[PDB]
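Working notes, structure below.
What follows draws every value from the coordinates through simple rules; no lab data is involved. Neighbour counts are summed over all protein chains in view; Cβ atoms, including those assigned to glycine, are modelled from backbone coordinates with ideal geometry.
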Amino acid sequence: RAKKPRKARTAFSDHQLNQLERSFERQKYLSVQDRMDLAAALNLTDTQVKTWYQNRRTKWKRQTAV
DNA sequence: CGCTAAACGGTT
DNA sequence: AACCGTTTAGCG
């Protein structure tokens, strides 16, 4: 067990995942404002959205490479 | 296991 | 500060 507390793993709802994915198809990168807006719309934290987008870009790149 | 959320150390 | 590349880990 890590010495430093980690954050609990967020479980996204179906609506949140749908909306995150619709954002991603439109824009692969968000401005600060568009990110902080999407977080508010989905009742997520700014960092949860930032992280989701970052990890989603990793997945996107993996799949561009096949 | 596999998908992926969060963590690490480095990079822009 | 946001990102990258990659790792590490939660959990269905």
| said: Run lengths n ≥ 4 of DSSP H only: what is the helix-derived mean residue ellipticity at 222 nm for chain A, with -39500 (n - 2.57) per run over all residues, to the nearest 500? | reply: -21000 deg cm²/dmol
| note | Net charge (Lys, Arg +1; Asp, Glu -1) of residues whose beta-carbon lies under 9 Å from that of A:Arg56, A:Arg56 excluded, is +2
| remark: The ³J(HN,Hα) series, computed from each phi in the stretch A:53-66 with the Karplus coefficients 6.51, -1.76 and 1.60 at θ = phi - 60°, rounded to the nearest Hz and given as x for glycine or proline, is 4, 5, 5, 5, 4, 4, 4, 4, 4, 2, 7, 4, 6, 10
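Please identify every one of the chymotrypsin sites (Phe, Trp or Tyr not before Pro) in chain A that sits in a loop by DSSP and has no more than 11 other beta carbons within 10 Å of its own beta carbon.
A:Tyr29
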| message | Quick check on my link table: of A:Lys28/A:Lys50; A:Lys3/A:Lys59; A:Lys28/A:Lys61; A:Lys28/A:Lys59, which ones sit more than 21 Å apart, alpha carbon to alpha carbon? | response | A:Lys3/A:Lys59
| Cβ-based net charge around A:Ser31, under 13 Å, with every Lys or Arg adding one and every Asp or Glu removing one | +1
| field | Compactness of chain A as Cα Rg over 2.2 N^0.38 Å, two decimals | value | 1.22
| request: Only loop residues by DSSP count here, and only those with at most 15 other Cβ atoms within 10 Å; note down the trypsin sites (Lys or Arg not before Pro) in the stretch A:4-66 that meet that. | output: A:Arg6, A:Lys7, A:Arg9, A:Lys28
